[PDB]
Amino acid sequence: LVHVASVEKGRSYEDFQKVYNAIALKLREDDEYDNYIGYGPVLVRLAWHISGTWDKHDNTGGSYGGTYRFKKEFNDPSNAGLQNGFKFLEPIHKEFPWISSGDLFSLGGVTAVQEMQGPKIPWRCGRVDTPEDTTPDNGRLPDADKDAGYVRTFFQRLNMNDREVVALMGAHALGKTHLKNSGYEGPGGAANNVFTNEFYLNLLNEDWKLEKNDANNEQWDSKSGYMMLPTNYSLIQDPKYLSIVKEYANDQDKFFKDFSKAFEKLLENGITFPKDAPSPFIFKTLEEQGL
Ligand code: HEM
């Protein structure tokens, strides 16, 4: 498989900035979702899940083809709860019918990180909708009940190394686990719709206790009301992951820098960019625009 990025015909930076503006204006507006967490956290999770299906061995899956729109990928058990992020973006797609689905689902994640005070994420247009038979089979997305060795092996399929994996996992400072979606319950911290290095500080500073929850899954719980998935708790049981955790806990700007690079890499895996293609766009926030 080769997936060559093709620009939506006749569109430039200013068009994509209009789609970004519509998603961010709708984020401000619908602030009541999930006990006033807002749709920020569920939109960066949709962008990682349509990206996380990629397989470096045969160039299948990844963000290119927009195939989350098809029933098979939409109804995957590991995607439960993401129907909310899809529903949110749907009026935005009716307003800009020219943008491809892969470009929309992925720009949704970029807009959410930057509106939640996160780092600027460079983004590239050019994903193209592919047919229903290119939709990846279920089961390429990761389990939560596992250890640091599973996490290392998994992210190798997306050729993410240790630094990339630890930066990327910092996203779990956002939102929460929901019992009806995943069999896990609880937030990762206090500031869960502001993008910070909080996930790392919690993992180093809380007295975590292992307990079973109401779905009979184990998770790590702290006195403070926060939780950790076994796979996130893994990052302090592995000596290479633990030194990077410590680095991000002590330096939020190094976390922002590395998260920016790894998240763009994640959203562009599997896509060939012709060098006449536009350079990656940096979108302005609402605030920077006075909107
Ligand atoms: C081994 C890797 C990962 C596993 C096993 C995993 C698993 C999960 C699970 C079980 C949930 C809760 C789902 C729910 O009940 O609603 C969750 C939530 C979330 N995940 Fe991950 N995750 C992984 C990697 C990532 C990465 C790479 C990102 C983003 C860069 C990410 C971002 C999020 C966010 C923001 C949420 C919050 C969802 C919400 O608030 O609704 N995850 N993750």
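With the PDB entry as reference, the protein is termed CYTOCHROME C PEROXIDASE, source organism Saccharomyces cerevisiae. The record lists its title as "THE ROLE OF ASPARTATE-235 IN THE BINDING OF CATIONS TO AN ARTIFICIAL CAVITY AT THE RADICAL SITE OF CYTOCHROME C PEROXIDASE". Under the heading Function, UniProt records this for the protein: "Destroys radicals which are normally produced within the cells and which are toxic to biological systems."

(A) Highlighting helix 13 (residues 252–268). Here helix 13 is 17 residues long and its end C-alpha atoms lie 24 Å apart, about the 24 Å a rise of 1.5 Å per residue gives. Phi turns positive, to about 95°, at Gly270, one or two residues after helix 13.

(B) Representation of the domain arrangement of the protein in the model. We note that the domain assignment places domain 1 (1–141 + 263–291) and domain 2 (142–262) within the protein. Of note, the centres of domain 1 and domain 2, computed from C-alpha atoms alone, are 22 Å apart. Each side of the interface is counted separately: domain 1 has 30 residues, and domain 2 has 25 residues. Taken together, the two surfaces of domain 1 and domain 2 that pack against each other cover about 2300 Å², and 59% of this comes from carbon and sulfur.

(C) Representation of the site of the ligand in the model. Close to the ligand lie 21 residues, the nearest being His172, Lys176, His178, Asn181 and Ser182. At 3.4 Å, a side-chain N or O of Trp48 approaches a nitrogen atom of the ligand. Here an oxygen atom of the ligand sits 2.8 Å away from a polar atom, N or O, in the side chain of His178. Mapped by element, the contributors of at least two residues to the shell around the ligand are helix 3 (40–51), helix 8 (162–169), strand 1 (176–177) and helix 9 (179–182). If you tally residues by element for the shell around the ligand, the top one is helix 3, at four residues.

(D) Spatial organisation of the packing of helix 8 against helix 12 (residues 239–250). Close contact between helix 8 and helix 12 brings their axes to 10 Å; oriented N to C, the two are set at 50°. Overall, the two elements helix 8 and helix 12 adopt an arrangement that is oblique. In terms of crossing hand, the pair formed by helix 8 and helix 12 is right-handed. Touching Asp162, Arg163, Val165, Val166 and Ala167 of helix 8 are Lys240, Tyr241, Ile244, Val245, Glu247 and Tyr248, all from helix 12. Residue composition of the contact of helix 8 with helix 12, by class: seven nonpolar, no polar and four charged.

(E) Region of interest: the pattern of salt bridges. Going through the model one piece at a time under the given rule, you end up with 21 salt bridges. Two residues, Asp162 and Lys240, come together in a salt bridge whose shortest N-O distance is 4.0 Å. Note that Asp162 is positioned in helix 8 and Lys240 in helix 12, a separation of 78 residues in sequence. On the basis of relative accessibility, which here comes to 17%, the residue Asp162 falls in the buried class. Its relative accessible area of 48% is what places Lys240 among the partly exposed residues. The salt bridge involving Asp258 is made with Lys254; its shortest N-O contact spans 2.9 Å. Residue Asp258 and its partner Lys254 are located together in helix 13, separated by four residues, close to a single helical turn. What makes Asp258 buried here is its relative accessible area of 5%. Here the salt bridges share partners, and the residues they tie into one network are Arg163, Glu247, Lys254, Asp258 and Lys261.

(F) Examining the packing of aromatic side chains more closely. If you walk through the whole model with that rule in mind, you get 30 aromatic pairs. Arranged with centres 5.6 Å apart and planes meeting at 40°, the rings of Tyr20 and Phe283 form a pair that is tilted. With a gap of 263 residues between them, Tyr20 in helix 1 (residues 13–29) and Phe283 in the loop between helix 13 and helix 14 (286–289) connect regions that are remote in the sequence. For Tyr20, a relative accessible area of 0% puts it in the buried group. What makes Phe283 buried here is its relative accessible area of 0%. Taking the centre distance of 5.0 Å and the plane angle of 65° together, the rings of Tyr200 and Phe255 count as edge-to-face. Placement of the pair is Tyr200 in helix 10 (residues 198–205) and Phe255 in helix 13, with a sequence separation of 55 residues. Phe255 carries the same exposure label as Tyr200, and that label is buried. Site record: aromatic cluster; members linked through ring pairs are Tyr13, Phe16, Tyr20, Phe96, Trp98, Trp123, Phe281 and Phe283. The ring of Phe88 carries the charged tip of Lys26 above its face, separated from the ring centre by 5.2 Å. The aromatic ring of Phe273 is capped on one face by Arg124, whose charged end is 4.6 Å from the ring centroid.

Calculation criteria
The numbering shown runs from 1 along each chain in the order of its written sequence and may not match that of the entry; residues for which no coordinates exist are omitted. As a convention, hydrogens and water are excluded, and side-chain values are obtained from all of the structure's heavy atoms. Residues with missing side-chain atoms are left out of burial classes, side-chain pairs and their counts. UniProt positions are given in the numbering used here, feature names are shortened, and annotations may be inferred rather than shown by experiment. The way it works is that DSSP assigns letters per residue, a run of H or I at least four long becomes a helix, a run of E at least two long becomes a strand, and they are numbered from the N terminus. What a helix is expected to span follows from its residue count: subtract one and scale by 1.5 Å. As annotated, the domain borders come from an automatic or database domain assignment. The contact criterion used is simple: two residues touch if any of their non-hydrogen atoms lie within 4.5 Å. Note on terms: buried area is the combined drop in 1.4 Å-probe accessible area of two parts once they are placed together, counting the loss on both. Only heavy atoms are used to decide nearness, and a residue is near a molecule or strand if one of them lies within 4 Å of it. The term polar contact refers here to a pair of N or O atoms within 3.5 Å; inside protein, the definition further demands a hydrogen-donor-capable atom paired with an acceptor-capable atom, and it admits residues adjacent in sequence only when both atoms are side-chain atoms. Comment: axis = line fitted to C-alpha atoms, over the contacting stretch for helices; angle = value between 0 and 180 degrees taken between N-to-C directions. In this scheme, roughly parallel covers angles under 35 degrees and roughly antiparallel covers those over 145, while 65 to 115 is roughly perpendicular and the rest are oblique. Helix crossings get a hand from a simple test, with the near helix turned counterclockwise from the far one by less than a right angle marking a left-handed crossing and a clockwise turn marking a right-handed one. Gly is placed with the polar residues, together with every amino acid not listed as nonpolar (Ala, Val, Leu, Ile, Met, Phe, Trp, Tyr, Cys and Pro) or charged (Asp, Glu, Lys and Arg). Any carboxyl oxygen of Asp or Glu within 4 Å of a side-chain nitrogen of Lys or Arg constitutes a salt bridge here. Each residue is placed in one exposure class: buried if its accessible area under a 1.4 Å probe, protein chains only, is under 20% of its type's maximum, exposed if it is over 50%, and partly exposed if it falls in between. Working definition: a ring pair exists when centres of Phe, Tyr or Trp rings (six-membered ring for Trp) sit within 6.5 Å. Plane angles under 30 degrees give stacked, over 60 give edge-to-face, the rest tilted. Only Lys NZ and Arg CZ are tested; either one counts as a charge over a ring when it is within 6 Å of the ring centre and within 35 degrees of the ring normal.

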